[PDB]
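Asks:
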Amino acid sequence: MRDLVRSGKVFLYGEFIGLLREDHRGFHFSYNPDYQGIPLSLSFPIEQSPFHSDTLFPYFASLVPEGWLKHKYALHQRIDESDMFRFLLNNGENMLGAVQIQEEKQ
Ligand SMILES: [Cl-]
Ligand SMILES: [Cl-]
Ligand SMILES: [Cl-]
Ligand SMILES: [Cl-]
Ligand SMILES: [Cl-]
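Heads up: the sequence shown at position 38 corresponds to 38 in the deposited numbering, and the numbers run straight through without jumps.
1) Going by DSSP in three states, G67 sits in which element: helix, strand or coil?
2) Going by C-alpha to C-alpha distance, which of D80, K9, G92 sits closest to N32?
3) With which residues is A98 paired in a DSSP beta bridge?
4) If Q102 and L89 are in contact, beta carbons under 8 Å, what's the gap, nearest whole angstrom?
5) Just how far apart, CA to CA, sit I79 and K70?
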């Protein structure tokens, strides 16, 4: 691949289900074309994929732990929304009951 910007493969109960990408315009979740399976959330029915927003989908923003938000204050810091998408990408395999591996090499 060649940049920019940011892409994450999205796994649910072990299975690759789609791709969450950020760019200048914003955020893009989309389901794999052969993913018939349990929806990620009621906000993301399989028949409506893809989805696009100028701000981080509420569902994905919701996966960010309280704990990491409260750790800003101290005091006070950016939260940005790219900062949240970055957190999702940095952790990742272990902190969300669903999972995201950053699509690298990129
Ligand atoms: Cl099923
Ligand atoms: Cl189902
Ligand atoms: Cl749109
Ligand atoms: Cl809008
Ligand atoms: Cl949402």
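For every residue, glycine included, the Cβ atom is placed at its ideal position computed from N, Cα and C.
Replies: The structure says:
1) Working through the sequence shown from its first residue, we reach residue 67 at position 67. Looking at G67 - three-state DSSP - the assignment turns out to be helix.
2) Here residue 32 is taken as the residue at index 32 of the sequence shown, counted from 1. Closest option to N32, Cα to Cα, is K9.
3) Against the sequence shown, residue 98 aligns to sequence position 98. Looking at the DSSP output, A98 shares a beta bridge with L12.
4) Here residue 102 corresponds to residue number 102 of the sequence shown, with the count starting at 1. Here residue 89 corresponds to residue number 89 of the sequence shown, with the count starting at 1. Rounded to whole angstroms, the Cβ separation of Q102 and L89 is 5 Å, and the two are in contact under 8 Å.
5) Start at 1 with the first residue of the sequence shown, and residue 79 comes out as number 79. Start at 1 with the first residue of the sequence shown, and residue 70 comes out as number 70. Cα-Cα distance, rounded: 11 Å.
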